[PDB]
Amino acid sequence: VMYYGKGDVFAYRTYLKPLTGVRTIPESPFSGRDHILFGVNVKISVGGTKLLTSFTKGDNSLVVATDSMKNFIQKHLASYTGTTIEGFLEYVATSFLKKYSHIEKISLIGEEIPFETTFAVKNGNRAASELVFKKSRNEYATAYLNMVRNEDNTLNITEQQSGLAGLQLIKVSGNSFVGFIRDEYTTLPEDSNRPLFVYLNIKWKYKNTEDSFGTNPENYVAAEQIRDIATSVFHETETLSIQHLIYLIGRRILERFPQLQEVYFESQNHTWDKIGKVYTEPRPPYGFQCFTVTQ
């Protein structure tokens, strides 16, 4: 392995071009993003055989400083004329490879720093403020992009993946976990009605990576919409396990968004122990599941 880069490149832009014209779906009110405030945390990794002597000889001649990579990202956010994190990563990646001919590969992560609307009163009327926003430490959209320079000097996206991270959902009833293996190691009781508490990371890949950019917004899949599909499916499903739940969420996603090729899940079980009905936090060990649904 040989690469290097910069992490935790926070960048906040005001008044990015708004994202409008999205295709709505039944599960979600989402219809675009005002982009009064657009926050992203970027990580950049780069590689190329020509970097070898920066390691083996201490030769910094071909080292773009990681501090300069941070400047590069923040300055490109000031000039970005598009409307999504996905498109912003493509802009940064193409621009970086065009600038630095000795770089052969670039990997980018962008994580949304989300902000929510707040109430303000003007002339007695309460409505969403256009100035004051609330920083959210809950779920957030993500985007990943890998681009390479080929032998013929063409640039090519070899991987692209969008996502929703940090979704923590609890359903108070209508969940069971029964029928699992009972042997010398099994102490868990069957439960026909548990308050299933899952953490979800959900990632999707497009059949056509250009759909991820938002330039034709009707083909863009929004993390907000994915969130609302997950809650809808959770609500309507008498779940039989987390495994069963996440399969059904994935099927619904792929039904609503035929332009997607796959949906990938990382889920964690954080269900409370049962002590009106009162529950409490469990000991630290947590179950998890990882599963891809394909179109």
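Heads up, when I say rigid core I mean the largest set of C-alphas that superpose within 1.5 Å between the two forms. Quick note: we count residues from 1 along the sequence shown, nothing fancier.
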Core superposition done, the stretch whose Cα atoms deviate more in 8 other deposited structures of this protein, picking from 145-153 and 195-203, is 145-153
Core-aligned CA RMS in 8 other deposited structures of this protein: between 173-181 and 124-132 the higher one is 124-132
The stretch carrying the higher mean Cα B factor in the deposited entry, 122-130 or 221-229, is 122-130
The stretch whose C-alpha atoms carry the larger average B-factor in the entry, 76-84 or 207-215, is 207-215
Looking only at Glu151, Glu111, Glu104, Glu139, the Cα with the top B-factor belongs to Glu151
The third of the chain into which the C-alpha temperature factor of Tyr279 falls is the middle
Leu155: CA temperature factor from the record, placed by chain third, in the highest
Chain thirds by Cα B factor, record data; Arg33 belongs to the highest
So, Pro189's CA B-factor, relative to its chain, sits in which third? The middle
Temperature factor at the Cα of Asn41, chain-ranked in thirds, falls in the lowest
